[PDB]
Amino acid sequence: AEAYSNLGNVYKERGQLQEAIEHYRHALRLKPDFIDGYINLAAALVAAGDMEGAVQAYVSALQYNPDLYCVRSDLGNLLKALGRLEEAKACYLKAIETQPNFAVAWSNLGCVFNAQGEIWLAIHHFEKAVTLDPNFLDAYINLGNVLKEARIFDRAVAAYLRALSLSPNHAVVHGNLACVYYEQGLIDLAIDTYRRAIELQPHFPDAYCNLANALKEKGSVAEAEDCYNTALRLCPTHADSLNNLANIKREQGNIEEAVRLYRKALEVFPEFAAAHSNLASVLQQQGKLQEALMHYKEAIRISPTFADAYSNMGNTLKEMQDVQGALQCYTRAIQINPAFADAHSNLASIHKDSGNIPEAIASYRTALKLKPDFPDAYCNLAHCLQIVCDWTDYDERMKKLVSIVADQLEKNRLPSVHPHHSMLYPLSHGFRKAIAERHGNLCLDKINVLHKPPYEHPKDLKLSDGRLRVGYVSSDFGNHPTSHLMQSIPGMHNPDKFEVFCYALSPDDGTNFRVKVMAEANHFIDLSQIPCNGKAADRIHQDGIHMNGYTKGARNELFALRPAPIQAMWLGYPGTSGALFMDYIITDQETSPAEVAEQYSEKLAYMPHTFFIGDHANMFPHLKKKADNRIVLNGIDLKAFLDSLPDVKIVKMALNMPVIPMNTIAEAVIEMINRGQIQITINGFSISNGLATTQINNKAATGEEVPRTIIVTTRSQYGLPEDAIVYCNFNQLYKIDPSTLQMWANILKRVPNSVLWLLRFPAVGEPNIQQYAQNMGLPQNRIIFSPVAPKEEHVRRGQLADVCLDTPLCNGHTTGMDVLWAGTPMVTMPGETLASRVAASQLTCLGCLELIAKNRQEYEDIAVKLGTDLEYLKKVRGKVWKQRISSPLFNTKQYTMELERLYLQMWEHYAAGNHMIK
Amino acid sequence: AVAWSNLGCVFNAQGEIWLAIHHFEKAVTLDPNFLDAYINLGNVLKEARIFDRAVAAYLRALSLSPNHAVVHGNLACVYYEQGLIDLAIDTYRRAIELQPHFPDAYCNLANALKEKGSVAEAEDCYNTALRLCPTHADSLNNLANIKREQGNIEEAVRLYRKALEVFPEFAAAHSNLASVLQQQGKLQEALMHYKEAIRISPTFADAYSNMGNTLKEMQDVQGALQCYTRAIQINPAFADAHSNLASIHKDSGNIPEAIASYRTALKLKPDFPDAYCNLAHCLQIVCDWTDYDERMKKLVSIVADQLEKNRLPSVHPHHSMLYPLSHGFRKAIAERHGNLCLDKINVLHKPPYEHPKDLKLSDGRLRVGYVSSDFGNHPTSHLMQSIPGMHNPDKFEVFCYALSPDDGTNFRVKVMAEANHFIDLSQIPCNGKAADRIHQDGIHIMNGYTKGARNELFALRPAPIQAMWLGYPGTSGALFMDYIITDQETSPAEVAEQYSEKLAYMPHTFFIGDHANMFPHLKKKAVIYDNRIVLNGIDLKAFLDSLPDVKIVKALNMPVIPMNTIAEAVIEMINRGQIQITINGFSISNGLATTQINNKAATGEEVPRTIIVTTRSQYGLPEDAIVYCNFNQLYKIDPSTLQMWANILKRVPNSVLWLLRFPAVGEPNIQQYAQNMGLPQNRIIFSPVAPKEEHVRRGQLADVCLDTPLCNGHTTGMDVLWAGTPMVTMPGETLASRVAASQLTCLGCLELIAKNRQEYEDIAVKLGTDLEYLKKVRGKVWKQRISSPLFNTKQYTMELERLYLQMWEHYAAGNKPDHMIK
């Protein structure tokens, strides 16, 4: 009863709790209406902590007497402890309806909703409380907490200050207000409030963590590190401190220790998706790609909100060539938010690799406007523009590019430009060599992972059976012009004193040239399945050796391993590679005199006559003679067809210009050309046009096969005026500069009937070219753009014009030899760098002293003369046609002999322990 | 989905901001393409000052509707909320293109300019908005604000009037209205519109602050205090409310309270030179010499800056003589205050009055009128009350001009009868009427820079010659004032540089008090030491003759009474604090009881008829020590002066100093500083307030009076010289730094004037040490206080009238005012 319940109270006060609870139960059984009995009931339940016992006891109490107000408050406390929120809210509603004012119960409901997740109602009820409870420490504290959750810090400062009025010093409230200040950006206010918290009590380690976060906001490395360490000493239970300490340590450069911190933090809890990102990033930095991808996928699967995970996984897929997956990741990242410009920059790189230049240009513009200093994005945008040759804001862009070049050169960062792109920006020779050296030692940084001991370079040929073991190493043995330039030399390489080793490093294509050169080699090697440069280097060292350079996908770090005693760059890159392991480089005096060695990082091997090589004497010998270049015809049986003709017009020159009268054969040919027919047969000779030779024989069109049929070609097939002196040049838009185009405009204005022949390289840039020509005052008739044709037909249609063109920006090597074998002459102006001196040296080997201009004006004047002086033009054309065969320019066998002589010089130099001059 | 949006819109209409944002966040989750919902959510977020969320909602809304006018307008409103210039201006351009017919867009754009500086385009957009409509009276408001910035004052007045006439719903408009009313000088309507605005919105505290400023112009001190209270309770952080509250407390003499509130302002703003200088003045009053040099030098910098910044000088010219600044600085501040007069007189639009150059209009005489509010209970009237009666009616006509209501004091009505004419100007609210009356009086030739002096009247120039004499011991800086009276020594040519008026040199001095009239009973006294016990009375000689024997100690002598039954009975009465007794039929009293026995005679209105005795021991004054004395106002004392006094004390074996509590709040710090300067508490004596007669009388017991080098004791010097008492003084820098030496020269005792502070201490100790020297000096000063005409107020009037003769001979000959030499 009442007295027995109070005796139970005495029992609890004296310490005998169980007797207390038994007497409470007894008194309740006597009269359940006991308010004191219910109080002792609740006290016993709380001491026991029985959730269901307390729940049912309070249900019985409330149904017995619902007036109990604070009892409903403790009921809500219990329901919150359970976690079931609807019961708590219903109880709060019942209490408020029964008695309107419960600011404490309203605070309880506010915390309930804070658990529920609706900030706004929470702050609303907080204000309700602070109104009806002007002094309520919990109300203001939780209000500040909810505002901190909602990022609305300003009201939180006032709420926490009023709580401070209620509690003049409390560490938790100080830390919360410090977080409010940090989210305010109030660095000093935040650090002060955090130090107020720690002086309130140094127990909280997360206090140290947050203080060191403020320190990092101020950038104090060591002090923040000390705070993090001390917090770990107090508690390593939470891994946020470990995570940020790992972050800063990672920034320090002591890598693997911070890596271990990352991994153990993630061990503490997988929820640190950011730590997962850091781990995958360092995995990529070390080359652990697949696991990094797995971690990024994990982070996305747990946290689809973030997108820079997509960015970095796209970076991984770039490292692993997964273009499709990378683009998917970029799409997801941009879909989350496009404000992350560098993601669009990587997507632009992807499109550039894909040829979607305009999208990349637009994305790069968006990035650069987003962040003014994105030197890599700026450089890549410039590269895309030079791809499309849009000279809008041309020279100012070049100037800012030079500025970015110097800026990145100073701060020891990777030059955003590429060595192939170097000629697009005529910077200093020092800039050239610095970029090349940095990119060459990019191989060194990768090769350092295995720390392979240096190979014992053989010194004598006795190990190699008295023969020179030469290893030709390239992944480009296939659909590539360089192969289409030197593939015959392996066969023509002399096996008498030299052994041939050829190393394929890319998936095979099945082309005739591939297996052809494979058979040419004394030893073909298929390295295209060795992911480790070390294994390939070991294989080479086994081969005891005594082509790609800065090319897409190339992995020349094996050269940095120097498995051969002599390593020299040649035909791989148009210039020096900045490679300390490239002992020599093969060039000529005409293009590389000893005086320009200031920009050269390798020793110079001098070719007595020429360095470049091509074998259209074998690649396309059928075009050695043809049947002045308006409508031209060629075929395997040219002389046989001519002798099968009724009448042939003979033009004297041991040479002649074969001329056919406009007879029935000629008229039928013209009709077939005009009707776009497949081909016809005349006199038993297959007469074909070039517009569908692939449908006739694509392999023959590739030059793998010499076209056995007979091809007649007319400029009218392109709709050209068949009575005009036509200029031509077909290289990609990169070789084009505004100044040379204006000089060409001057040439075309000087020459009465002057038009220019162009190839769509690429296509979509035509409007810019037309606008530039109009601003240079030349009509559309002066320029014609055409789709691309295979190499054989490329050279075939090249000789249609009387003269080609030269851009001293980048010299002519591919098309230079194409036209050297086309018999159509061309003039050029030498440059400073090798890439601007290729065609020049080609013509020096040709020996035409008058095909070099020492100034742009000289170039223009000679161009006008030759396009106008048709008698001098004909003499030059005949001299070119004679000398392209008479000269050893295509004597690839004797070229091979002289290369062997140069190899003899190299091995005499090395074997004696020691630049090669002839 | 949309239904929850509608319910949230309803709840926002009910005014639940947070329920509104909750429901609208729910709606935007329900419909990501709910443009109008994003609009409403951003709007309510802005209502609740929630910037970033409104930013996001509005960015989405623009993605859903690329162009809506009010959308972009409120976007720019939030842009103002966080304050970004380019965002604001570009949003304004997009708004004006979106809807040209929307004035408030132009208004906020003008606000952007206002924070930027393109005030031109600001007013331009104002005009454009007016062209669209004058309904948006907000435009009227802020355009009148920028006009007030410019100075098209009356035009701005028109703007504010018409804007309020559009609608009174904009309290700030009423506020600026009352502000300009105060600026021009009309008060009652300003207060009424203050109350109008406060009725509309009682929230604005500085509204109450300016109400209080207007009331202080009305001089309703209680109104000032109540407005201060309401303002500071609405906001204590408003440093200006505290500053002006402390100013009013300084007016009420609450110097510590003013110091506290002024330090409150200084913490609310580190450098508020106005409250800074007023706090400094309060410190000077209390002489809290802590933070001495930093405060005073920052004041020097402040006054130089405001000389450059052409602002209101914070240091009042009364305090000019206090701060050690330049002659140019002080006369420049004086000229600034002269402008503060002339600008106000400009609205009176009165062309200059006629200025006679003859005597016939004044029936062969010269009309000189005297204007002041100090007619009555004021030291000036206590200095020169009888001289108006001593003016010659044969050559001059006397005119009085009361600037204060009559107090009924004897001096007041006495001088009113002395003057040939009295005028009660204190009844005239308009300066124009007073100047017209003066011109009616035909005046050709007294407070100066002081409290309540309507100096604008002198600015009005109703008299051809306007001069200031002994009214305020500093220059005016106002060229409309012509002359100032001085002597050969105090204000020589080398100091003439700091006067905007012409100088007037008296024969030997220009100072005079009514001691010879108000206190002649001390002409001779009654009491081996010299001034241990003092007794005087009208029947003093009769009592002495009624005595058994009276000793005579030297035509001049010192009456002495032996220690007989009567003398010892007087001693006992003193030790008992008896009100009064009567011996031999002669009533015997003390000054301490003269408050009730005869307050009128104690005030100098009457000569004390009774015989009154007093001695040192009445207040703990040792009877065998060298007692130096000085009793001026506390602010006239500085640490350097106290240290000079410390040197003088340490150069005398047993010397004590008598002082006053003026008031007493600062005395503890004073004595603490004295202890810091090695001065024992026994060596200093303090006394409470004493009325004129007794405070003058008590000096005779003391030995030597003192003069502060910075400022002389104007009243005090006359008080001590009428007692035949030596005093130490030195020629200083300011005019008020040479008055005491001027009186010493007038007495001719030049050896009592020291040339330096070292010589100051030398002469002080020399006097306080040698018995023959001190006694003979005291006696000779006693002799010469009557032998010299120093108190001949009639001869003072004679020389004043001779100077009048010379001045009128110069002026009536067409000459502009010129320095009077001899």
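By the numbers in Swiss-Prot, the shown part of chain A spans 89-634, 639-719, 731-756, 771-1031, 1035-1038.
Any Cβ shown, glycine's included, is placed from N, Cα and C.
According to Swiss-Prot, of the residues A:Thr318, A:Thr454, A:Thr702, A:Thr454 is the one noted as phosphothreonine. As annotated in Swiss-Prot, O-linked glycosylation site applies, among A:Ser399, A:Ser516, A:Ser856, to A:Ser399. The candidate set comprises the binding-site residues A:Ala906, A:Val912. Of these, A:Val912 has the most other Cβ atoms within 10 Å. Counting same-chain residues at least six beyond the ends of the repeat 'TPR 5' (A:191-224), those with a Cβ under 8 angstroms from any Cβ of the stretch are 160-161, 164-165, 168, 173, 176-177, 180, 183-184, 230-231, 233-235, 237-238, 243, 247, 250, 254. Annotation note: A:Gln849 (UDP binding site) sits in a coil segment as assigned by DSSP. DSSP states for the repeat 'TPR 5' (A:191-224), grouped as helix (H, G, I), strand (E, B) and coil, give 28 helix, 0 strand, 6 coil. Taking CA atoms as the reference points, A:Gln849 (UDP binding site) and A:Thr454 (phosphothreonine) are 26 Å apart. Residues 259, 263, 266-267, 270, 275, 278-279, 282-283, 285-286, 332-333, 336-337, 340, 356 of the same chain lie 6+ residues outside the repeat 'TPR 8' (A:293-326) yet bring a C-beta within less than 8 angstroms of a C-beta in it. Taking each Cβ in turn and tallying the other Cβ atoms within 10 Å, the top scorer among the binding-site residues A:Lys908, A:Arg914 is A:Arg914. In this structure, the recorded positions under consideration are A:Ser399, A:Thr454, A:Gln849, A:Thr931, and the one with the smallest number of other Cβ atoms within 10 Å of its Cβ is A:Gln849.
Helix, strand and coil content of the repeat 'TPR 11' (A:395-428), in residues and according to DSSP, is 26 helix, 0 strand, 8 coil. If you compare Cα positions, A:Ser399 (O-linked glycosylation site) sits closest to A:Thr931 out of the binding-site residues A:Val912, A:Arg914, A:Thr931. DSSP states for the repeat 'TPR 8' (A:293-326), grouped as helix (H, G, I), strand (E, B) and coil, give 28 helix, 0 strand, 6 coil.
Annotation: residues between A:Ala719 and A:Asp731 (11 in total) lack coordinates; Cα distance 9 Å. Counting only same-chain residues six or more apart in sequence, the Cβ atoms lying under 8 angstroms from the Cβ of A:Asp935 (UDP binding site) belong to A:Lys908, A:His911, A:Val912, A:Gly915. Among A:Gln849, A:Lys852, A:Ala906, A:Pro907, A:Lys908, A:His911, A:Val912, A:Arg913, A:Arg914, A:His930, A:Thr931, A:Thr932, A:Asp935, the residues given in the record as binding UDP, the maximal Cα to Cα distance rounds to 22 Å. No coordinates are deposited for the 4 residues that fall between A:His634 and A:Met639. The C-alpha atoms bordering this gap are 16 Å apart. As deposited, the model skips 3 residues from A:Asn1031 to A:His1035; the distance between those two Cα positions rounds to 10 Å.
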